[PDB]
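>>> Generate a structure from the sequence data that follows.
(chains A, B, C, D, E and F)
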Amino acid sequence: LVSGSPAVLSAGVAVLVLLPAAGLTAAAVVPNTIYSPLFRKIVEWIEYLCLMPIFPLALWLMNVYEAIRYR
Amino acid sequence: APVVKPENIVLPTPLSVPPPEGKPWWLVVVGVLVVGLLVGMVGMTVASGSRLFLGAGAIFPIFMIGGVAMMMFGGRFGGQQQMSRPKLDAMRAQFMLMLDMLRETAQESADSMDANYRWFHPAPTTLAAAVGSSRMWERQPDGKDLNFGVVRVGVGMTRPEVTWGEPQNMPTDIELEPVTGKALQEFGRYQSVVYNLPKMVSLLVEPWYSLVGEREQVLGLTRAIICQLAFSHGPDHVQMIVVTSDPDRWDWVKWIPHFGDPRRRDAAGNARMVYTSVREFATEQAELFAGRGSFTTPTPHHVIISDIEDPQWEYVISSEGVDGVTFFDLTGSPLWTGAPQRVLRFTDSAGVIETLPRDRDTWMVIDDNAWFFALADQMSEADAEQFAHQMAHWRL
Amino acid sequence: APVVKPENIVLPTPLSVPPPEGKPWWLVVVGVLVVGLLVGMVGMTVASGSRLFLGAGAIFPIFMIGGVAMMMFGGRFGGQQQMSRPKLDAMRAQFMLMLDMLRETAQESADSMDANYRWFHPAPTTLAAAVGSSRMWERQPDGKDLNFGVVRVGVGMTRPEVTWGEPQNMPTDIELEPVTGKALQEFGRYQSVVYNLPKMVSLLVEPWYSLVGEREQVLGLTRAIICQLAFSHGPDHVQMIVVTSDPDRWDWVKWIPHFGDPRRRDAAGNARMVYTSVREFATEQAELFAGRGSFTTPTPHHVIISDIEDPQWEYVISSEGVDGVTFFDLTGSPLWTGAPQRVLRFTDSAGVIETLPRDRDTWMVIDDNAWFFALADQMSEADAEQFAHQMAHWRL
Amino acid sequence: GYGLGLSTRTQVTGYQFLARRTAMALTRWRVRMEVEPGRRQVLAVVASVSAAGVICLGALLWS
Amino acid sequence: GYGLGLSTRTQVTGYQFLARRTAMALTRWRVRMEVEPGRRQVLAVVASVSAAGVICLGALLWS
Amino acid sequence: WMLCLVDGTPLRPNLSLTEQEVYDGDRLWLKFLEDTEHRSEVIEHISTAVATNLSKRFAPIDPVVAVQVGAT
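Residues are numbered from 1 along each chain as shown, chains lettered A, B, ... in the order given. See the structure here:
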């Protein structure tokens, strides 16, 4: 809505139609399939790995690093 | 019929933990000195400002790369050691799961006991089945005699058929780990009893009972007792007598065949064994017996119920009673209340009976202090009359 | 004749493994701090740029040259220790090879059992040998009596002659190593039985059997039974009777000498013991016996087969049967199906018999629940007729 | 045991254990506790915070 | 045990072991596993990759 | 035995038809209510009691629900 780029529009409609469709496919597949213990541990670790870096990124957004490098 | 089984289960031994001794005073001085050195070094790096010094001042004191391992010597030198936590938490969890397994074993045992007791002792309302399971208890001193002379009076606690063997090897009270110790305390406290089972009175162990409380509580319980006996025991095994000053409250009992006197006949059938005074005993057949010995079986076991409040009972009733007859003193008086083990006292308006704790098995008093016993299965006059109209249908 | 031997083999004990406790929270803080120092040092080397600092910043922190050994203190301080893996993997492999040795021992035992059973119980098609091994089973209660009164009815599972001794010293379920535990579960599950061996019915343990299912399934099985008995047992030991409403289906049995009545003679030889009604019993010689006791030997053991669907059997047949005679109720009726241990029920179109599990040795029922028993060795009318034309050639 | 009376560190960990076990009984409906992801991810949070602190110090050293 | 449920590291190595044993049963037709060259040569691959990485870093330091 | 309204609720045996509002042309259902009295369970440990009460009394997520959520 803010940007008027048609490429942005195409990316937005693409993610809106694929990502919940991917969720549907995951909901249909996952409870019926077996899985390897390695893949299961990978899926656990995906959580922690996507959880950890959000505080340095947040400090990036406040520019606390840029403020403290020059205070 | 249902099944029930006793069990014995030893409770597990709680965890032990050595109490921390506390760090010596010099260790605190050393810690403060170490921090003083660290801040002095970094401060002189800031004051010196050259990037060489800022490198050197961090490069040489990197010791934590080994010190993370050297923490293991904390238990040698006596520093603080919080790091044993994970193993202890695993031990706690393990013990707790073991306790859960014991708890579910207690649950299934208690369910078995419940099913058995309620099979032997249906609630008064449910007695309107009046066929199939009716009058099925037996005289003879084996088998059914475990429940021949016993009546459900209420609901309450009882000790389970599982027996908790002692948690042997208890650590001393300073070594006792708080969680597992407290949990085991609570297990012993609450798995000590099964709640809301039928509470029973045996007619064979006291010469009489005396009922102290509000009038309709006492009456409602009495009607419940009468209908329990009438369903469970046939007229050929148990006969009933009511001695009253208020026969309108007792007009429902006329239908019950157990009140039928086999000796006198009238238009309606057998004579009703309801008398308006103790002087109105024109029986003299229940009054030629000797004193009563409590059972550890007479042909009918007469149950005589009195709310006449007459001083003349103490003539035909000694301090010990009559052989084949048990008594129920409604309107509790000092004549009948001379034995606290015989007094069922409505302490709370709902009909909470207190009396003495008795052994589940022998019905013998275990200790002399009055305690919570049951909440009475009080029953209305209409339900009693309805059951009586059911029981009147049968003649076997 | 072949050989077979029982064995007892204790299964090996699975591996044990202590569950990891998990690192304490401060260890994570320390790790992050250590990485922060490392990146700070190298960053200040890049910012300082002089090759002296770039040397020094790598030269002083080379600690891994000792730390590769100092990993051994990980088990002291409680760090992560993945390095025990090779030893555990060796233990796993070793245990697995031991299990393979046990499996091949089970294989050779099962092969011996198979060879024995099929020697005693050839498939119906193969019975056309009709000489050499024919009629070789014996009356007398020793030896051949283990297979004198028993008939192959199908193929299915049986318990092996190896007996799996318990895997003693099982670790607790948190210590139990996943691979070896699961493998041992699967071994116990699948080496529990030998698949596709001859399944047997003993004629000496039930007074009758009743055959429930589709008509041609039942008939095909019946023809198979008859030809099995005719090959295995001589006419002097087992005699046969068919009582039917549809003699065209039973026209092939005329050739079999076991149906020959020795008492009545006609042009073709001995009279055929095939009757069109239970009322057509003009024998009266198999009907003067007493009730039957199941064996734990009569001169001929009469086998009477009925698909007449007549209520008149219950007169000459009590609830217990006749002494020297076993019965087979084709067209399953409530009269004959009063004992589930006697009912062979075609549950699947191919001829899957379900009935009660019986002991391999005593033929006695082990438990009351109906279960998979066999797939029936059904045989066509043409094969039965062909075998009958073979058996008619012999008179010994 | 009312009031602000003293308590030992073994009781501190014993309470924190019962708190975690009750939290697991609350979010999941199982109390078999042989492994617990709650701890693992709060450790991941701790890693996030300590990394932000470390980088903040590494920012302080510039002038 | 369907789905994406949790698994312990001892199960991760237990599966990787069964994967290697099945791979050896597939390429060779023996499962006696007292020594295994599969591991040895994938370690040689790992040595190749780590050496290329190291030399790539050693290339980065020039300016 | 109970007489019940067709909506399900049992009538009071101590009350007449009138004051519990039975009217002409109504319908009633003659049930035999099974006795619901039994022992009260008790779990002493707070955590285990929470877990079993919730598991007994509420409904977990299930793949049947999950597919509908994905479709929504």
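>>> could you dump the longest helix belonging to chain D to PDB, C-alpha only?
Scanning chain D for the helix with the most residues, using DSSP state H, yields helix D:37-60. Output of helix D:37-60 as PDB, limited to C-alpha atoms (Å, rounded to 0.1, in the frame of the first residue of the first chain):
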ATOM      1  CA  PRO D  37      12.300 -27.000  26.200                       C
ATOM      2  CA  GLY D  38      11.200 -24.100  28.400                       C
ATOM      3  CA  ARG D  39      14.700 -24.000  30.000                       C
ATOM      4  CA  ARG D  40      16.400 -24.400  26.600                       C
ATOM      5  CA  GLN D  41      14.600 -21.400  25.100                       C
ATOM      6  CA  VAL D  42      15.000 -19.200  28.100                       C
ATOM      7  CA  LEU D  43      18.700 -20.000  27.800                       C
ATOM      8  CA  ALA D  44      18.400 -18.800  24.200                       C
ATOM      9  CA  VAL D  45      16.900 -15.600  25.500                       C
ATOM     10  CA  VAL D  46      19.800 -15.300  27.900                       C
ATOM     11  CA  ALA D  47      22.200 -15.800  25.000                       C
ATOM     12  CA  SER D  48      20.400 -13.000  23.200                       C
ATOM     13  CA  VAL D  49      20.700 -10.600  26.100                       C
ATOM     14  CA  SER D  50      24.300 -11.400  26.900                       C
ATOM     15  CA  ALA D  51      25.300 -11.000  23.200                       C
ATOM     16  CA  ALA D  52      23.600  -7.600  23.200                       C
ATOM     17  CA  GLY D  53      25.500  -6.600  26.400                       C
ATOM     18  CA  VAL D  54      28.800  -7.900  25.000                       C
ATOM     19  CA  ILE D  55      28.400  -5.900  21.800                       C
ATOM     20  CA  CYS D  56      27.400  -2.800  23.800                       C
ATOM     21  CA  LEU D  57      30.700  -3.100  25.700                       C
ATOM     22  CA  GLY D  58      32.600  -3.700  22.400                       C
ATOM     23  CA  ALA D  59      31.000  -0.400  21.300                       C
ATOM     24  CA  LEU D  60      32.100   1.400  24.400                       C
END
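>>> Run a quick neighbour tally on the residue of chain F found nearest chain A.
Closest contact between chain F and chain A, by C-beta to the nearest C-beta, is at residue F:70 (3.4 Å). Every residue, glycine included, has its C-beta placed from N, CA and C. Residue F:70: 16 surrounding residues under other C-beta atoms under 10 Å in any protein chain shown.
>>> which parts of the longest helix of chain D are buried?
D:39-41, D:43-44, D:46-48, D:50-52, D:54-55, D:58-59 (16 or more other C-beta atoms under 10 Å in any protein chain shown).
>>> Could you tell me the phi and psi values at the most centrally placed residue in chain B?
Nearest residue to the geometric centre of chain B (C-alpha atoms, centre = their mean): residue B:157, 1.5 Å. Dihedral pair for residue B:157: phi -80, psi 160, per degrees, to the nearest 10.
>>> Now it. Nearest residue, chain neighbours left out?
residue B:193 (4.1 Å; C-beta to C-beta, 6 or more residues apart in numbering or on different chains).
>>> about what we covered before: how about the longest helix of chain D and chain B, touching?
No. For helix D:37-60, no contact with chain B is found by C-beta under 8 Å from any C-beta of the partner chain; the gap never falls below 9.3 Å.
>>> which of the buried residues of helix D:37-60 come close to chain A?
Within the buried residues of helix D:37-60, those near chain A by C-beta under 8 Å from any C-beta are D:40-41, D:44, D:47-48, D:51-52, D:55, D:59.
>>> OK, contacts around residue B:272?
Counting by C-beta atoms under 8 Å, 6 or more residues apart in numbering or on different chains, residue B:272 makes contact with B:253-254, B:259-261.
>>> which of these count as buried?
Buried, going by 16+ other C-beta under 10 Å: B:253-254, B:259-261, out of those.
>>> Tell me who's in contact with the spatially closest residue to residue B:111 that is not a sequence neighbour.
Nearest residue to residue B:111, sequence neighbours excluded (C-beta to C-beta, 6+ apart): residue F:39, at 6.9 Å. By C-beta under 8 Å, 6+ apart, the residues touching residue F:39 are B:110-111, B:113-114, B:194-197.
>>> Redo those residues as a markdown table? Include neighbour count.
Formatted as a markdown table, those follow (neighbours: other C-beta atoms under 10 Å in any protein chain shown):
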| residue | neighbour count |
| --- | --- |
| B:110 | 23 |
| B:111 | 14 |
| B:113 | 22 |
| B:114 | 22 |
| B:194 | 25 |
| B:195 | 15 |
| B:196 | 16 |
| B:197 | 26 |
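>>> out of the residues you listed, which one sits closest to residue C:240?
Top of the list for closeness to residue C:240, among these and by C-beta to C-beta, is residue B:111 at 56.4 Å.
>>> So that closest one, which state does it fall into?
Assigned state for residue B:111: helix (three-state reduction, DSSP: H, G, I helix; E, B strand; the rest coil).
>>> and the gap between it and chain A?
As defined by C-beta to the nearest C-beta, to the nearest Å, residue B:111 lies at a distance of 34 Å from chain A.
>>> How much space separates the closest residue to residue B:41 other than its chain neighbours from residue C:61?
Closest residue to residue B:41 apart from its sequence neighbours, by C-beta to C-beta, 6+ apart: residue B:57 at 5.3 Å. Residue B:57 is 14 Å from residue C:61, where distance means C-beta to C-beta, to the nearest Å.
>>> quick one, what contacts the closest residue to chain C within the stretch 51-200 of chain B?
As assessed by C-beta to the nearest C-beta, chain C sits closest to residue B:86 within the stretch 51-200 of chain B, at 3.7 Å. Neighbouring residues of residue B:86 by C-beta under 8 Å, 6+ apart: C:21-24, C:78.
>>> go with 6 Å
By C-beta atoms under 6 Å, 6 or more residues apart in numbering or on different chains, the contact set of residue B:86 is C:21-22.
>>> which parts of the one helix or strand it maps to are buried?
According to DSSP states H and E, residue B:86 maps onto helix B:85-120. Using 16+ other C-beta under 10 Å as the test for burial, helix B:85-120 gives B:85, B:88-96, B:99-100, B:102-103, B:106-107, B:109-110, B:112-114, B:116-118, B:120.
>>> Next to chain A, which bits of chain D? Give me the list.
When proximity is defined by C-beta under 6 Å from any C-beta of the partner chain, chain D lies next to chain A at D:44, D:47-48, D:52, D:59, D:62.
>>> one more time with 7 Å, if that's ok
D:40-41, D:44, D:47-49, D:51-52, D:55-56, D:59-60, D:62 (C-beta under 7 Å from any C-beta of the partner chain).
>>> Chain neighbours aside, what residue packs nearest to residue A:47?
residue D:41 (6.9 Å).
>>> wait, the one you found sits on residue A:50?
No. In this structure residue D:41 lies outside contact range of residue A:50 using C-beta atoms under 7 Å: 11.1 Å.
>>> thinking again about what came up before, can I get the host helix or strand of the residue nearest to residue B:41 as CSV, trimmed to CA atoms?
Per DSSP H and E: residue B:57 is located in helix B:51-59. What follows is helix B:51-59 as a C-alpha-only set of coordinates in CSV (Å, rounded to 0.1, in the frame of the first residue of the first chain):
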residue,chain,number,x,y,z
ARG,B,51,45.3,0.6,21.0
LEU,B,52,48.3,-1.5,22.0
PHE,B,53,47.5,-1.1,25.6
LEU,B,54,43.7,-1.7,24.9
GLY,B,55,44.7,-4.9,23.3
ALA,B,56,47.2,-6.1,25.9
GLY,B,57,44.9,-5.4,28.8
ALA,B,58,42.3,-7.8,27.4
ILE,B,59,44.7,-10.3,25.8
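>>> can you list the residues of chain A near chain F?
So far as C-beta under 7 Å from any C-beta goes, chain A lies against chain F at A:20, A:23-24, A:27-28, A:31.
>>> quick one: which of the residues you listed is nearest to residue C:395?
Nearest to residue C:395 among the residues of chain A next to chain F, with distances taken as C-beta to C-beta, is residue A:31, at 70.5 Å.
>>> hang on, the closest one packs against residue E:2?
Yes. Using C-beta under 7 Å, residue A:31 is in contact with residue E:2, at 5.8 Å.
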